[PDB]
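Below is one structure, written out as structure tokens; comments come after it.
Just so you know, all these numbers are worked out from the coordinates, no wet-lab data involved. Heads up, the Cβs are rebuilt from the backbone with ideal geometry, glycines too, and the neighbour counts pull from every protein chain shown.
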Amino acid sequence: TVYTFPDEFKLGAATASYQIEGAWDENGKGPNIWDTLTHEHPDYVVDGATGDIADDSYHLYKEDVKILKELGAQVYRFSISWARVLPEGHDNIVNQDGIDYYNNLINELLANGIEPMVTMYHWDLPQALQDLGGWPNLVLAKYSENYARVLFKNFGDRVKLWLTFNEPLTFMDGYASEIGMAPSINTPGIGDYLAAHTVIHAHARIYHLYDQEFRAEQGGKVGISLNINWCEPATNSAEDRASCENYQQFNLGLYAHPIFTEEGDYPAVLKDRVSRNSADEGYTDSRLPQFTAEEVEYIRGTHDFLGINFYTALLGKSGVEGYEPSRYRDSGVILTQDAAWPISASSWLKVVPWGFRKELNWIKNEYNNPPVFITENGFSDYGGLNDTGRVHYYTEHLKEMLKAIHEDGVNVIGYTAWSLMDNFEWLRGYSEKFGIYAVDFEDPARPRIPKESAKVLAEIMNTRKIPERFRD
Ligand SMILES: OC[C@H]1NC[C@H](O)[C@@H](O)[C@@H]1O
Ligand SMILES: [Cl-]
Ligand code: NA
């Protein structure tokens with residue numbers, strides 16, 4: 001039993017638009033902040049790589065569906081490129097080519113028995129909106145509502161699973177470094193918090209929009225994909241446990257407390273630590289933006305499920321480090337990695353499968369066991385088809401998730417592996433491979449070929465169980 005998936009549980013794979021599509025300026029698509037970063041700042045990216053072509057999924061979407069069908073995916077999580085649909089960011093111009101493209105993909109999926117799950121925003125903000133300041137500027141919440149309306153109107157008759165945002169904890173960091181994630185702005189501890197605030201408002205507007213204008217007719221579900229690392233106490237002390245709770249609240253709680261709790265608002269520890277630090281540094285005003293009571297009420301409850309991206313764990317101990325000001329310094333935890341944990345091709349990603357189970361329990365307890373869809377989980381290497389590290393990563397993480405479901409009563413409802421295929425890995429370019437299918441980026445045809453992990457995941461999806469040879 002502990003090795004069998006629940007009958008209704010949905011298994012599949014995931015991608016994101018900038019990472020796979022290419023066709024960056026084709027057929028009316030407007031420029032986004034990743035076009036800007038990779039074109040103007042190739043020095044920020046391994047190999048000076050760009051997403052100009054990537055997997056060429058704009059042209060090769062039928063090949064993506066073919067490999068999903070081979071895999072036996074029940075669900076395909078993909079994102080929509082805002083600037084492909086609304087090239088000016090604002091809703092004055094709708095690019096019919098973009099509408100046609102995503103309709104083509106959706107219809108191809110459905111014709112092949114695969115359910116679409118759509119992420120509205122996976123980091124590719126139109127440059128015209130970044131030019132207003134991007135996410136730190138609250139005007140983007142209404143622009144996001146208007147973008148979502150176009151998506152619901154055009155696609156919501158066939159799409160029943162939506163994610164407003166992917167990893168705002170990550171993309172807010174594009175406002176906390178001059179050389180990092182797009183738009184590569186250095187306002188740590190100030191602009192990243194403003195970005196988070198706008199995102200939360202935008203998410204809430206989109207959810208309410210769905211309720212008001214679409215739900216009765218379309219009958220789907222709207223969630224959000226939040227990333228979180230497990231944070232294990234470095235020692236068993238109460239002090240180290242406190243630091244790990246700080247981590248959860250400063251990483252997951254930043255977004256999930258306003259949305260997924262009965263109380264709403266930011267976590268108290270977030271408000272209090274930033275207020276104190278801001279005062280001690282001489283600011284008249286806290287660096288953390290505030291919600292009014294009316295806003296708190298509007299934002300809380302804006303969810304039909306919780307999307308989780310899970311990859312790894314850290315060790316946390318009591319203390320403070322990082323630059324002043326910064327979210328890390330504000331969070332009041334000293335983070336490290338255990339040298340014993342297996343490595344990947346990504347400095348940040350160590351293999352800690354039991355951390356997945358711990359995180360799922362933390363979520364269950366904090367948010368009253370919301371339905372959780374694992375929207376990403378995966379592993380990097382530098383290349384190769386005999387990807388034993390990736391196979392082990394998946395089988396162990398899936399076993400831990402199944403224990404969370406069956407032993408711990410966590411309401412996990414689905415899982416999409418990151419990623420269907422090797423793709424543009426942001427600042428790492430094509431150097432770090434996350435796919436279960438390999439792609440030859442030197443071959444203009446971009447063939448997708450199965451790795452061992454694709455074969456093992458197909459076996460899992462077909463049999464609906466963890467095969468005996470991978471059991472403890
Ligand atoms: O870093 C791996 C993977 N993690 C999370 C992101 O959502 C995805 O875009 C990225 O490729
Ligand atoms: Cl066997
Ligand atoms: Na329209």
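Looking only at the stretch 322-342, residues that are surrounded by fewer than 18 Cβ atoms within 10 Å (Cβ to Cβ) and touching a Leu at 6+ places or on another chain (Cβ under 8 Å) come to 3 in all. Number of residues in the stretch 1-18 that are part of a loop (DSSP other than H, G, I, E, B), away from ligand 2 (no atom under 16 Å from the Cβ) and more than 26 Å from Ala54 (Cβ to Cβ) equals 7. Here is the figure for the stretch 103-147: residues that are within 21 Å of the chain's Cα centre (by Cα), in a helix (DSSP H, G or I) and within 22 Å of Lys10 (Cα to Cα) total 2. When we screen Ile343, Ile363, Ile413 for residues that are farther than 29 Å from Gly322 by Cα and more than 16 Å from ligand 2 (Cβ to nearest atom), the only hit is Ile413. Within the stretch 87-98, residues that are touching a residue at least 12 places away in the same chain (Cβ under 8 Å) and surrounded by 15 or more Cβ atoms within 10 Å (Cβ to Cβ) sit with their Cβ atoms under 8 Å from residues that are among the basic types (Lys, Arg) and assigned to a loop (DSSP other than H, G, I, E, B), at 6+ positions apart or across chains, in these pairs: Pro87/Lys29; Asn95/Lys29; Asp97/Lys29; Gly98/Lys29. Criterion applied to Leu209, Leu194 was being within 16 Å of ligand 3 (Cβ to nearest atom), more than 21 Å from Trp418 (Cα to Cα), surrounded by 18 or more Cβ atoms within 10 Å (Cβ to Cβ) and hydrophobic (A, V, I, L, M, F, W, C), and the one residue passing it is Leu209. Which residue is surrounded by the fewest Cβ atoms within 10 Å (Cβ to Cβ), if the candidates are limited to the stretch 47-86 and must be among the hydroxyl-bearing types (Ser, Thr, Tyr) and in a strand (DSSP E or B)? The extreme case among them is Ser79. Looking only at the stretch 148-191, residues that are over 17 Å from the mean Cα position of the chain (by Cα), within 15 Å of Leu125 (Cα to Cα), among the hydrophobic types (A, V, I, L, M, F, W, C) and more than 15 Å from ligand 3 (Cβ to nearest atom) come to 1 in all.
Residue-wise test of (1) in contact (Cβ under 8 Å) with a residue 24 or more places away in the chain; (2) within 16 Å of ligand 1 (Cβ to nearest atom); (3) surrounded by fewer than 18 Cβ atoms within 10 Å (Cβ to Cβ).
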position	(1), (2), (3)
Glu407	yes, no, yes
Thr416	yes, yes, no
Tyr430	yes, yes, no
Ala438	yes, yes, no
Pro450	yes, no, no
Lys455	no, no, yes
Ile466	yes, no, no
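Checked against the criterion of being aliphatic (A, V, I, L, M), in contact (Cβ under 8 Å) with a residue 60 or more places away in the chain, more than 12 Å from ligand 1 (Cβ to nearest atom) and surrounded by fewer than 24 Cβ atoms within 10 Å (Cβ to Cβ), the stretch 421-428 has no qualifying residue.
Table: residues versus (1) out of contact with any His (no Cβ under 7 Å at 6 or more places or on another chain); (2) over 30 Å from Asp43 (Cα atoms).
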| site | (1), (2) |
| --- | --- |
| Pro353 | no, yes |
| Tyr367 | yes, yes |
| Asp381 | yes, no |
| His392 | yes, yes |
| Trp418 | yes, no |
| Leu427 | yes, no |
| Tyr430 | yes, no |
| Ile436 | yes, no |
| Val439 | yes, no |
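In the stretch 79-106, the residue that is nearest to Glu21 (Cα to Cα) out of those that are touching a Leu at 6+ places or on another chain (Cβ under 7 Å) and within 16 Å of ligand 1 (Cβ to nearest atom) is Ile80. Going residue by residue through the stretch 298-312, is there one that turns out to be over 23 Å from the mean Cα position of the chain (by Cα) and either more than 16 Å from ligand 1 (Cβ to nearest atom) or among the charged types (D, E, K, R) (or both)? Within the stretch 298-312 (the criterion being over 23 Å from the mean Cα position of the chain (by Cα) and either more than 16 Å from ligand 1 (Cβ to nearest atom) or among the charged types (D, E, K, R) (or both)), the answer is yes, since at least one residue qualifies. Has the stretch 127-143 got any residue that is within 16 Å of ligand 3 (Cβ to nearest atom), in contact (Cβ under 8 Å) with a residue 12 or more places away in the chain, within 14 Å of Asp91 (Cβ to Cβ) and touching a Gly at 6+ places or on another chain (Cβ under 8 Å)? Among the residues of the stretch 127-143, at least one is within 16 Å of ligand 3 (Cβ to nearest atom), in contact (Cβ under 8 Å) with a residue 12 or more places away in the chain, within 14 Å of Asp91 (Cβ to Cβ) and touching a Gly at 6+ places or on another chain (Cβ under 8 Å), which makes the answer yes.
Considering the stretch 85-102 alone, what residues qualify as being among the acidic types (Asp, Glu) and more than 15 Å from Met120 (Cα to Cα)? Working first, answer last.
Going residue by residue through the stretch 85-102, those that are among the acidic types (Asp, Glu) are 88, 91, 97, 100.
Answer for the stretch 85-102, where residues must be among the acidic types (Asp, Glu) and more than 15 Å from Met120 (Cα to Cα): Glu88, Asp97, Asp100.
Among the residues of the stretch 271-281, some residue qualifies, meaning at least one is of a type in the set (A, V, I, L, M) and either surrounded by fewer than 16 Cβ atoms within 10 Å (Cβ to Cβ) or closer than 23 Å to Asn411 by Cβ (or both). Among the criteria (1) free of Cβ contacts under 8 Å to residues at least 24 places away in the same chain; (2) within 16 Å of ligand 3 (Cβ to nearest atom), the one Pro42 does not fulfil is (2). Apart from one condition, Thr38 fits all of (1) within 21 Å of the chain's Cα centre (by Cα); (2) β-branched (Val, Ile, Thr); (3) assigned to a loop (DSSP other than H, G, I, E, B); the exception is (3). Which ones in the stretch 278-297 are charged (D, E, K, R) and either in contact with a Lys or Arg (Cβ under 9 Å, 6 or more places away or on another chain) or over 24 Å from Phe260 (Cα atoms) (or both)? Result: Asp280, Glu281, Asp285. Those helices (runs of 4 or more DSSP H) of the stretch 163-261 in which 3 or more residues are more than 29 Å from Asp43 (Cα to Cα) occupy 191-209, 215-218, 238-248, 254-260.
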